[PDB]
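Letters A, B, C, D and E mark the chains as written, and numbering starts fresh at 1 in each.
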Amino acid sequence: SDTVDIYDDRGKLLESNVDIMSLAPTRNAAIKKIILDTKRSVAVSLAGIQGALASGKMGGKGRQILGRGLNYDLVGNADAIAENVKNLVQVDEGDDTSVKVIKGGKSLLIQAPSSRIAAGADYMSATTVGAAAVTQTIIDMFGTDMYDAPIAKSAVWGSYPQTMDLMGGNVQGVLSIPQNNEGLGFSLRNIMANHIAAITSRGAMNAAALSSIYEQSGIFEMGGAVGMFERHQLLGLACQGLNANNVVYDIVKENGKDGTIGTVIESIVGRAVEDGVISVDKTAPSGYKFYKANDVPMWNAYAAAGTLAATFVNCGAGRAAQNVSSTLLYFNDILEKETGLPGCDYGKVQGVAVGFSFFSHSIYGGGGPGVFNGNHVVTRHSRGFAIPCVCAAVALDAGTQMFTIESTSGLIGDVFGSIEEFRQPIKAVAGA
Amino acid sequence: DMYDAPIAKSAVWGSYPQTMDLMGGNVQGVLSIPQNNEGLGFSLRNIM
Amino acid sequence: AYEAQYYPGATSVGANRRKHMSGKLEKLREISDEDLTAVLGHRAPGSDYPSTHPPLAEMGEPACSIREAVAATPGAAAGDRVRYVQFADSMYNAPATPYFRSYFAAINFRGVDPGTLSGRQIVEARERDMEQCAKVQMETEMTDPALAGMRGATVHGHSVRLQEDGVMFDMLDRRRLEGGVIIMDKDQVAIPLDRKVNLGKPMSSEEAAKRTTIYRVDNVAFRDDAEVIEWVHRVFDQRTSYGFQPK
Amino acid sequence: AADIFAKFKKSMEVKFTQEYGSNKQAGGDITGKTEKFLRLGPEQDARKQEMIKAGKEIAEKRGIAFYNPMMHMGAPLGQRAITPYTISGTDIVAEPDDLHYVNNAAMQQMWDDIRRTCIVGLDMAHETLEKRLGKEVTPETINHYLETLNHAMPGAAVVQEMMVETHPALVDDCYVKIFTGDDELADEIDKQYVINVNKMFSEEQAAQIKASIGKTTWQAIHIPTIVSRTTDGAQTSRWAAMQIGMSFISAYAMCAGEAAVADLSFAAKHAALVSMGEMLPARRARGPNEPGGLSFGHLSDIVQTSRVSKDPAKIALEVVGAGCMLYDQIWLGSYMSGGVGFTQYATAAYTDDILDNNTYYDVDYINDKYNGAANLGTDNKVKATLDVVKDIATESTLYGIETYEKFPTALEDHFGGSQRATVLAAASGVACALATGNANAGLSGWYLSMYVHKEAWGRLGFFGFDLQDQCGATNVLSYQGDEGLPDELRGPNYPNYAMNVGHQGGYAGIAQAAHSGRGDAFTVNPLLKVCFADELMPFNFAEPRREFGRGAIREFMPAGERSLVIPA
Amino acid sequence: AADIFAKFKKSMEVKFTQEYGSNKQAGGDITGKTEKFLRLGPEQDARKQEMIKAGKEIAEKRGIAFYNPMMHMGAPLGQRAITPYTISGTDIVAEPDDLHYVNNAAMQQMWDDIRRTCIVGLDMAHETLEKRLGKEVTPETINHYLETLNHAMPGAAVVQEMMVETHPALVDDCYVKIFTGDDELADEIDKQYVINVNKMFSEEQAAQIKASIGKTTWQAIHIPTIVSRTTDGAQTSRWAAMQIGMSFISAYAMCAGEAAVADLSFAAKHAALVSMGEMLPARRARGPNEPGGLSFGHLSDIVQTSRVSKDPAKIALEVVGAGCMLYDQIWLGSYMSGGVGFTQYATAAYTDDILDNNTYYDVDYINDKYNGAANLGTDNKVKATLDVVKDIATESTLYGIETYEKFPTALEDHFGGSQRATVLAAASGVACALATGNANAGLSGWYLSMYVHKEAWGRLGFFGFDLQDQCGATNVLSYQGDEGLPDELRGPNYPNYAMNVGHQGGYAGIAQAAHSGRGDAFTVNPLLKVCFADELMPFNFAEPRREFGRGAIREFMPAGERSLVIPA
């Protein structure tokens, strides 16, 4: 029943003697709130709908329906729109529905009441009710004749339902549609890294933390944290994602000036020895020392912590997202060489990193780090311990990428980045 | 035995995750898997 | 302070691997700044470093406790393009092997993006940071100029039989023995240079054998390295067992 | 139109009053209500005779039973005369069996040409090179890239030593061209690679396309048919991206595999990709570039009649024909079912000039009633109202029904109610769309036609036919999430449409019609319109119906055949 | 085994010491470490010469640039000698380029044969007839049904008047057979339709199969290759069901469309359907019967070597070969990517006897050390432990590595690290599976081989090769939801496996090896085992590696060509 101290992104103590079981997505009120708020929230581009209406450019890439222009000033009327939208989205006056005008009328935050989530199988009601409310509001406020109703509708919904998604539409949340799940319990894993870094305003530790919360909530929903696997996953969540005992931050600090993947390994191994997590099992004829772990899940957590600290140091040094794929690989590979112990996730972080390296430097698919997520074929394989590093890496990029946070995630950043539990997830989990 | 763990697991889970579902497994609820949804908000409609 | 042990094994292959990983490498030759820039092929020798984004000091940086704690490299500070150096290494006792080149980079250099393949190994980094790494690889025992080649594309050769003169096949003939020394007269993507870069004399077969990080049955047999085989077996047993139950 | 009516009567004369094979149908009256049934069976038809002989020969050779018309219950095919079809607007007279997609290389090639095609932007890739590598992109570098690409795309090597490659003689139909809304750029690219928007389109249509896409540059990629046939639709964008990647590596002297290459991949595979169609849900699981994903507007844009014709009806009718063939014969009739399938469900909409007759009548009716509204133009259109739809659709359907009634030949031609319904509703919908420039007004007219049809004859189509019909009128102008959609963006996956023959082709015609009435350069996607404005493609997208005729008479050469590597 | 080692030597001699085309590679030593590079370029090879000429001519004819080896950066292919491959276990010496799937009709047909196949139970349909209509099903009614079905299935009519049909000469590869675990029923069905379990299998294997499926009756359906090539795998079960339905209606005088018919549809489409594989998630969206859905066990069962051989190693090796070809060349190298693709990634595991050498050595080592454990039998098998795997896999890999080191020709053959990795791990895995009868012990062996390899050479495969490797050992015996699975049920959609070359075919081989060591009748599905126990199929499933050779020398005749209806 491990206890940890939780520290923020500046190495300040937030909460002492936290039992890790209290950090479980299934137990922790703050994580549940993050999850519920993520499920129930969507962004709406009023500017996008307005443009689609006037030009006929709706329904996907290249699309334009000529001769059907509707000139509606959505942006100039965003407050009245938000009010009407709230009236439609809400279930009962005074419930937890919220609708906020963002960026001077260009965008809306819509938070559907939690009743819709309670009454739903999943989270899509936020999108469908959000889009429905905006569609109805536009039709009413602007007096769309019924023969133009299809045009008004698709300005919002895009190509749905010819497409399975709202392709070329103007409503989206942080999640993707359920049918994009590769696996069972994967919805919370299907969040682009760029989205995470946008929402946390490029705060690298906060990016990693927010990502860890979603990832581990994913693992939990996958049934990957049952029995002995619960401690295992929560140790990782604490030590890697929530700066347990300030180790991640401390390691960064001591490696910040001149440190490399190599020196971060030394930091981790040094601590593991000091803290009694590992010991020398046997000295080989050459003098090489073979280690064994005294506590296997705890060793794994140290490796997870190390993997992230290494990301912060290596991507940090280069101010370059791409360094993350090799960091994850070589941190773990060299760690095993150093100790004769398994790397993080018993080879699975290194595994992800091998394919992730390839799929972030080759012709075949993937892209820059920012496009990856826990549901992505390339980076799904580790149990939550890889993707937080990727979100950190993306946060740290100083402008090497073509697919920037803005290009993929600007709307999401503008809308969700305003929400403090998302922007400050360590504080959220620590009750601060 | 750990060398028989794969057999015990699949007795329960079937062909998952080669298949998207627990095909030929022994755990089922009233609903279907999310990815079987034709549309958005359809999970509760997918009951035989 | 924890001192790294790097890698198991008591054979010469062990000692060499540990040298590669620790960066404790013998300097064997020199390459001028301008000659190195030339073969790398990313900009004119002596020219300013082009940039991909404005310098950190010019555009400012988001509030981030990590950015604040971790010093940018000179290359990151200046907004350099990320460019690369890539090498092929003969399986016929080239000093370097791909993984060990990558370990060398990861251990000894800040802000690096090493990648390991069978036929090639690359380091991507901010241009000026990368050059310092390329310099070390090029000047030390890590690279033999006959058994290895700097190749950004068309890397084929690592697994191919040697030429009779002991040089590893290059489809694009970027470097070759001239007058007992290796001359590189093309860049790493085989665009001809206006210069002949003298990479000095190659190692004898005997010397390469003693310096190599590769095992071979006709040199230092892997079969006989009980200590490294034990390492593999230990990691294997742990990974297997812990994937069933981590305890 | 008198000329189309004359053609219709000629089609009836040819089909029913001149002997075909040995069917003994020499002479008679196309208006008469009677027929003599000779019970000749299948042998009266030359094609069936050939089929019967092959069937018996193969059965004996292979040692297991095969095609045998005597396996038909009660009696073999052709207890009434087996009669031919004329491809509408042509004098091509076809054997019925030659219009089955399996038997028709032109139909197979039309699908292959769509399946194996995608469109990929160049701008993002160029920006990647400039930003990450500091490379300068010029006309010269583009030309070098395009030559590289034309070597690499069919399946040949640019970087590695000791590569095996596809045989050029097997992949001759594979190539990449570019098109650009940047007139200056266009003039500096080697003409061999360019689809010239200013040459292929009228000045007004070119101007619209250019205004729509701005100064952007695009690759029109057609991968090998042989590959497409080995694999699937979802292969297409993957294949294109791989060779685009290799070509960038080679042409621009990049690292053969660095971080910047992944940006190129992402651009090619996602950010700057335009597929023909998107994926389909689990019940009918399919990846991109399958018929189900192909929106009605996309099909309208692939078909090239809009580019070469000033006749709104003709343009719409070509789309109907292409759509009925693809969506019913290949998609619904094979991909979604199979067996004998749905040849004649589709042929009804592109043979014998019956649909054309109804449509051209409508154009005259509209022009008389609505001040020349059916003529090409934007100022002359009438606002879509229930009243206008009721007027045009009712009149269209009454006229179509009366024609079937005055010509028992036409009724016997379109012997299935479904066929008649498609024809009647297609003319109604096309007419409403032509008049209003509103595609959904076209849909309203389609549905109204069905309602009139049903009440007139006390029957409609097959058992399941009017699922989408009865949901039809109400879902036209719905704005509900899974109901609302402009027809231009609708497709085979629009829920109501997901199952049934006799509709999807009509909806494509309706989409096109709203735009051809207006003289618009495209229906929903200028990128597809330009992509297919290319005579190098095997299938002639400007004349789809005629192409089906060419296939029927075995004059169409498809790509993808394997005789080079087969025993002779 | 001395005979395999000698055969490996001969392959190295043919490839490297005898001249091929104009490569001047006469004379020399297979153990020597040097080569003279003549920089002859592509023309040294006869196929390349032909490809070059075709490319130039086609480019000229079509008016857009095409195949041109001078577009390769730096220098054209073949700066070192271009040398051939021998199909392992044969004397077929092939041109490298002739083993590209595009260039090779046997490879395409192998995929076609699988894609176009499904298995549909008959029992459920018979119960329907009995329950709802009160029909008696007898051998005679079934015989009539099967005659009807063999007429209808290729695309011919049994019910309606005025139907068009597929041309029999285009669809001669389509047929339906039955198999049954009911010996009495088997004896009463017309032999032309029966896959005779008692004739096709050994007595032991027949008994295992019959005990598995009990007294159930199944249709082995192969729809037309021409249709499969026009459409997709998801077509197959739909096509089967349509014609099954029509045949029931006709053969049993049902109403042509009544409620009971829907029951037959559900049974054929769902309740009694066995697909080759299931559907794939959105990122790689595809319906059933695509390569990605084909479990390793399924592939093991399709390949028929298990039925005609009693050599466990030979059986596994055939599966490796079939697997690397399909999974790497067609699936990963086309469906999931494309371009030049992955010929030699795959050929490494079915040519030059290198894999065979390592594997057969392993058999000897096992038999010596584990009291004949690798010989065919069940009670001679050793229980899977870490110790057993470490012993066998380590020995295997060391030997395979030493071979590559002692024979520079072999190293140069398998020039890519990935190729060598597949070879070494395949042998290790097959070896471990052979000794233990535990397929997952085979997987442990596969991963350990990779681990040893990497440390020995300080390199492994391509950039992305060991994603599944490094996840490999730990996921072998995981019981976590999306981790745990017996290798028999694993396939290209097992998450770690979903991307990378050089693995899937090995895993198929390992699955087979666990069962062939035991002399088992099947690896995971007896239905597939019996379905493909049928010499009428175009592809010889008993000898896939040889078949690839037959395709390379242009002696394989594929189905589905359209020359009948194409200009001559």
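In this section, a residue touches a chain if its C-beta (ideal position, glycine included) is under 8 Å from a C-beta of that chain, and two chains touch if they have at least 3 such contacts.
Chain by chain, the UniProt names read as follows: A = Methyl-coenzyme M reductase subunit beta; C = Methyl-coenzyme M reductase subunit gamma; D, E = Methyl-coenzyme M reductase subunit alpha.
Discounting subunit A, connectivity by touch keeps the other chains in one piece. Considering every other chain in turn, the ones in contact with both subunit A and subunit B prove to be C, D, E.
By the document's definition of touch, common neighbours of subunit A and subunit E comprise B, C, D. Averaging Cα atoms per chain gives one point for each, and the point farthest from that of subunit B is the centre of C. Comparing chain C-alpha centroids with the centroid of the full set of protein C-alpha atoms picks out E as the closest. If you average the CA atoms of subunit C and of subunit E, the two centres end up 40 Å from each other.
Taking each chain's centre as the mean of its C-alpha atoms, subunit A lies 42 Å from subunit D.
Note: centroid distance subunit B to subunit E, computed from Cα atoms, is 27 Å. Centre-to-centre separation between subunit C and subunit D, using Cα means, comes to 55 Å.
Chain contacts: subunit D has residues 131-132, 159, 161-162, 242, 246, 249-250, 253, 257-259, 279-282, 481-482, 495 touching two or more partner chains. Taken residue by residue, subunit C touches two or more other chains at 52, 82, 99, 113, 115, 124, 153-154, 156, 171, 189, 231, 235, 239-245, whereas all remaining positions touch fewer. Shared contact sites, meaning residues of subunit B that touch two or more other chains, fall at 2, 5, 16-17, 20, 35, 37, 39-41. With chains as nodes and touching pairs as edges, the resulting graph is complete, every pair of chains being joined.
Across the assembly, chains come into contact as A-B, A-C, A-D, A-E, B-C, B-D, B-E, C-D, C-E, D-E. Only residues 119, 124, 127-128, 131-132, 208, 212-213, 241-242, 245-246, 249, 257-267, 269-274, 278-282, 295, 297, 378, 383-385, 437-438, 440-441, 476-491, 493-495, 514-515, 518, 520-522, 524-528 of subunit D touch subunit A when the two sit together in their complex.
Contact residues on subunit E toward subunit D in their complex (touch as defined above): 51, 54-55, 58, 62-69, 71-73, 77-80, 82, 96-105, 108, 111, 146-148, 150-159, 161-172, 175, 177, 192-193, 223-224, 226-227, 229-235, 238-240, 242-243, 246, 250, 253, 257, 279-280, 282, 284-288, 290, 330, 334-341, 343-344, 415, 463, 536, 551, 554-558, 561-563, 565-567.
Contacts from subunit E toward subunit C in the complex involve residues 32-37, 73-75, 79-80, 386, 390, 394, 398, 401-402, 405-406, 408-409, 411-412, 414-418, 420, 444, 447-448, 451-452, 454-463, 473-479, 483.
Residues 179-185, 222-224, 229, 342, 345-348, 350-352, 354-359, 361-362, 364, 376-378, 380-382 of subunit A touch subunit E in their complex.
Contacts from subunit E toward subunit B in the complex involve residues 278-282, 295, 383-385, 436, 438, 440-441, 476-479, 481-482, 484-487, 489-491, 493-495.
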